[PDB]
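The chain below stands alone and is given as structure tokens, in the form deposited in one PDB entry.
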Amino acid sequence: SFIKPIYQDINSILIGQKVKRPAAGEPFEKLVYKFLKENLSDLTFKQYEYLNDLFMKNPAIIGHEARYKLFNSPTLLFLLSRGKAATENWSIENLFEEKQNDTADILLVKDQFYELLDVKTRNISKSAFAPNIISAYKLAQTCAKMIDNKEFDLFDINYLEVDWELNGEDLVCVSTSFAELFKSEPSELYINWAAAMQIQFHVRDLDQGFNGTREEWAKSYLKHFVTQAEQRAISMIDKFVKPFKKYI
């Protein structure tokens, strides 16, 4: 991780920062991006921003198939790329812009190594309902692709929780946490199938004791995933069929 080395400063800075009032605390992310962008200038990109720079540097390379080749990495291609037509139609006059379903909020990129940062915001005033972290399914395809191409040192996926409470008509950050997906026990991750099949946790609560190799992590995760996937299918009969069979 590129941001750990200065997490303490980020931590300190953000704590205190405020925001207007009507993803309620989403703009807390605009700040993280600003700070990153002030102290890691050359490494910090919004995902679309990253794609935009990528295609601007190779304006001769038009059309999606050829543009996709620019990643040199099927996995990163998978995690960062826009759709075919979207890539087909990209141009300097017609840049990529934000997209709800993009994987990362922020990319930190040095020496062709990638840290995908995602910022989970949170109202500590309100209940403590753990938020969607990332699609379990998307993460599964990610692992598959990691083995298939033997890309185990390409990239990490990390999280920065930013806690806040309401004060008057201003939202103020009271605390923050930071964690690394691939340093957690794969098998302990909670998959909420109904909740868009999303791993769910709070960053402060996430363990980091994992040992093995990145490759061992993918394998282990795929085990977990498949296992929970078999249980969920069965759970469905008990929860969504049995209770309603009688009205029929």
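If you superpose the two forms and keep the largest set of C-alpha atoms that fall within 1.5 Å, you have the rigid core. Numbering starts at 1 and follows the sequence shown.
Compared with other PDB entries of the same protein, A229 is present in all of those that resolve the residues around it, none of them, let alone a third, dropping it. Compared with other entries of the same protein, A23 falls in the group left without coordinates by at least a third of them, where both flanks are modelled. Set 175-183 against 190-198 and average the Cα temperature factors; 175-183 ends up higher. In this entry, 9-17 has the higher mean Cα B-factor, the comparison being between 9-17 and 231-239. The residue among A128, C143, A104, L77 whose C-alpha carries the highest B-factor in the deposited model is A128. As recorded in the entry, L166 carries the highest CA temperature factor of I157, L166, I133, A85. Residue-level temperature factors show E26 in the highest third of its chain, judged at the C-alpha atom. In the PDB entry, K138 places in the lowest third of its chain by CA B-factor. In the PDB entry, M56 places in the lowest third of its chain by CA B-factor. Annotation for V162: CA B-factor lies in the middle third of the chain's modelled residues.
Sort the chain's modelled residues by C-alpha temperature factor and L117 lands in the lowest third, per the entry.
Although not depicted, the form deposited in another entry is the subject of the following passage.
In the core-aligned comparison between this form and the one not shown, the C-alpha of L171 is the only one from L116, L80, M146, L171 that shifts by 2 Å or more.
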